[PDB]
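Asks: Partial complex here, more coming in a sec:
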Amino acid sequence: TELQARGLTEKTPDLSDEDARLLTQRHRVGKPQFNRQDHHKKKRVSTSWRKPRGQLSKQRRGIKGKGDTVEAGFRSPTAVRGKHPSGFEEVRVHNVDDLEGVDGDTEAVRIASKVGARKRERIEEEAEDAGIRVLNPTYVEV
Amino acid sequence: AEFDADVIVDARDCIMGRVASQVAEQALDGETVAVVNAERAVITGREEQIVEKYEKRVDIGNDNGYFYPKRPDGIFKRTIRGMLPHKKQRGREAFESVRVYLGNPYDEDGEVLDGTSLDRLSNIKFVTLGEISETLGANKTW
């Protein structure tokens, strides 16, 4: 009658108090957009980031208000870096074989988008039976 | 008419500037203020010079404009406007909620703020707004 996602969409990993504090930190602090200088002033200039090289550039010079310049002090904590917001580490999956070795508590799975409906169904279920969650599940009517 | 003044200040024999400074402060706190007897407010100094400063402000101008009030009504209000960010939303709001009246159009007497009263007994060098206005060429209607 209604649509319901296959799999363990509610499953949550188990993280050591530290990693949970760290994950929580990242989510709290966040980071600046880090978009290219003046991208919003000229259409031809895309949002993608390029270091400002102008000798007189206001950003390059760090004038307050002209945007944060990309630098290492902005990195996320080692422990959680790359972690999906749920806390899960992801594993790119293309076929059923790829599901082997994946710990359903530590990692969730993302099925390459290129995979077709047929091969998905196989994966989606076998994945669940292995205790693994699939971040991008098929929604069926039940 | 009809101004739900939260506060009514009596300018009679009071230093215009000092009053205006406090009226601004309060208006920037909502305090709907009304100033009374501006014709009788006073500013210290040597009359002859004081008048010059004001007389000049009237000559100053051009196509664009520089409207300067000659009535004590206006003189005082512009003095107040000068102490507020009347171009900013909140500033124009405070100013808008402040009015100067000639004489007292209310019932309640006005209250005198602290440190704004000039002691006529120990002060011979000062001027009355009305006197200034009479000089500026204003039409005495008070």
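Replies: Perfect, I can see it now. Residues are numbered from 1 along each chain as shown, chains lettered A, B, ... in the order given.
Asks: quick one: the strands in chain B?
Replies: B:7-10, B:33-36, B:42-44, B:98-100, B:126-128 (DSSP state E).
Asks: dump the residue contacts of residue B:110.
Replies: B:8, B:9, B:10, B:11, B:12, B:35, B:36, B:37, B:104 (C-beta atoms under 8 Å, 6 or more residues apart in numbering or on different chains). Bear in mind the C-beta positions are built from the backbone N, C-alpha and C, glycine included.
Asks: Now the closest residue to the fourth one other than its chain neighbours: phi and psi?
Replies: Nearest non-adjacent residue to residue B:11, counting by C-beta to C-beta, 6 or more residues apart in numbering or on different chains: residue B:41, 3.8 Å away. The phi/psi pair for residue B:41 (degrees, to the nearest 10) reads phi -80, psi 160.
Asks: Quick check, residue B:41 in contact with residue B:16.
Replies: Yes: using C-beta atoms under 8 Å, residue B:41 is in contact with residue B:16, at 4.7 Å.
Asks: Let's verify the spatially most central residue of chain A: helix, strand, or coil?
Replies: The centre of chain A sits closest to residue A:84, judged by C-alpha atoms, centre = their mean, with a distance of 4.7 Å. When classified by DSSP: H, G, I helix; E, B strand; the rest coil, residue A:84 comes out as coil.
Asks: Which residue is the nearest non-sequential neighbour of it?
Replies: residue A:90 (5.5 Å).
Asks: how many neighbours does the closest residue in space to residue B:71 that isn't next to it in sequence have?
Replies: Counting by C-beta to C-beta, 6+ apart, residue B:138 is the residue found nearest to residue B:71 once chain neighbours are left out, at 5.3 Å. Residue B:138 has 20 neighbouring residues, counting by other C-beta atoms under 10 Å in any protein chain shown.
Asks: please slot chain C in as well:
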Amino acid sequence: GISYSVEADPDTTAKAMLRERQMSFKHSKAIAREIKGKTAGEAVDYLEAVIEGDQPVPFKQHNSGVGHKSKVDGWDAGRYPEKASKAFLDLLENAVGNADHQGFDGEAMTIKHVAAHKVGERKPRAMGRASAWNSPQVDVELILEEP
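Replies: This next block brings in chain C, placed alongside the chains you saw above:
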């Protein structure tokens, strides 16, 4: 060319289009804007009065240099685009024609939608010369709806 930008319901609605018409595109925007919401019939009477000069079409966007017309309400400038107007009458004659051939009351139908679109480039022919200047080429959709 264009395709209907709005969606209609065949049971309570008629359609009509104009293709590659060589006429001011700026005048069309005005007329459309002007006759939308009117009744196929009201529009016709209107447009004919415009072609006459008794009724002016409000020029709200393309009005540089245009002199003020007293009959314009809420606005000031306007003119009497008789070429563009004669072409809207064709669109209407057609929209109201299809209307009745479907058991509808064309004249009393509402102009739910009408919009002009510049299409450009006429395109030379085989045994035919080329386009002189860059005369605009207009397309215009119309959707009649039962009251």
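Asks: before we move on, back to that, from memory the residue nearest to the centre of chain A sits against residue A:135, does it?
Replies: Yes: counting by C-beta under 8 Å, residue A:84 does reach residue A:135; the two are 6.8 Å apart.
Asks: one step back: for the residue nearest to the centre of chain A, give me the backbone phi and psi.
Replies: phi -70, psi 160.
Asks: one step back: give me the common contacts of residue A:84 and residue A:135.
Replies: A:90, A:108.
Asks: which residues touch stretch B:128-142?
Replies: B:16, B:38-43, B:47, B:50-51, B:54-55, B:58, B:70-72, B:75-76, B:102-103.
Asks: how about the helices in chain C?
Replies: Under the criterion DSSP state H, chain C carries helices at the ranges C:25-35, C:40-52, C:82-100.
Asks: Packed most tightly, which of these would that be?
Replies: Comparing these by mean neighbour count (mean count of other C-beta atoms under 10 Å in any protein chain shown), helix C:25-35 ranks first with a mean of 22.
Asks: C-alpha coordinates for it, CSV please?
Replies: Output in CSV follows, covering the C-alpha atoms of helix C:25-35 (Å, rounded to 0.1, in the frame of the first residue of the first chain):
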residue,chain,number,x,y,z
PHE,C,25,7.6,40.1,-30.7
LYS,C,26,7.5,43.1,-28.3
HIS,C,27,3.9,43.9,-29.4
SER,C,28,2.8,40.3,-28.8
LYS,C,29,4.1,40.2,-25.2
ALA,C,30,1.9,43.2,-24.6
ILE,C,31,-1.2,42.0,-26.3
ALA,C,32,-1.0,38.6,-24.6
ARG,C,33,-0.4,40.2,-21.2
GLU,C,34,-3.3,42.4,-22.0
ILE,C,35,-5.9,39.9,-23.2
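Asks: now for chain D, put it on the one above:
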Amino acid sequence: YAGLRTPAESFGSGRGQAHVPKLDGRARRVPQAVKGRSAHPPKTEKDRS
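Replies: So, slotting chain D in with the rest:
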């Protein structure tokens, strides 16, 4: 000689146009011009062994 087969010449200053060699009103030869030569192209004289 790809791109070089033309007598194109730049008009120089004076008409509010970049100094780009042109012929019949179309720019030619130089690398930044559509149909112009290829600056640093592949070469036969190169030893790929």
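Asks: Okay, the residue nearest to the centre of chain A and residue C:122: tell me how far apart.
Replies: 57 Å (C-beta to C-beta, to the nearest Å).
Asks: element containing residue A:120, please.
Replies: helix A:117-129 (DSSP states H and E).
Asks: and that helix, C-alpha only, in CSV?
Replies: Extracted in CSV, the C-alpha atoms of helix A:117-129 (Å, rounded to 0.1, in the frame of the first residue of the first chain):
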residue,chain,number,x,y,z
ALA,A,117,17.5,-3.4,-10.8
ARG,A,118,18.2,-7.1,-11.4
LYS,A,119,21.6,-7.2,-9.8
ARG,A,120,20.5,-4.8,-7.0
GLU,A,121,17.8,-7.1,-5.7
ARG,A,122,20.3,-9.9,-5.3
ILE,A,123,22.7,-7.6,-3.5
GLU,A,124,20.1,-5.8,-1.4
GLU,A,125,18.8,-9.0,0.2
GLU,A,126,22.1,-10.9,0.6
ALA,A,127,23.5,-7.8,2.2
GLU,A,128,20.7,-7.7,4.8
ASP,A,129,21.2,-11.4,5.6
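Asks: What is the next helix-or-strand element following that helix packed up against?
Replies: The helix or strand immediately downstream of helix A:117-129 is strand A:139-141, counting by DSSP H and E. Where contact means 3 or more C-beta pairs under 8 Å, 6 or more residues apart in numbering or on different chains; DSSP states H and E, strand A:139-141 is packed against strand A:3-5.
Asks: gap between the helix holding residue A:120 and the chain center?
Replies: Here the centre of helix A:117-129 is set off from its chain's centre by 22 Å, with C-alpha atoms, centre = their mean, to the nearest Å.
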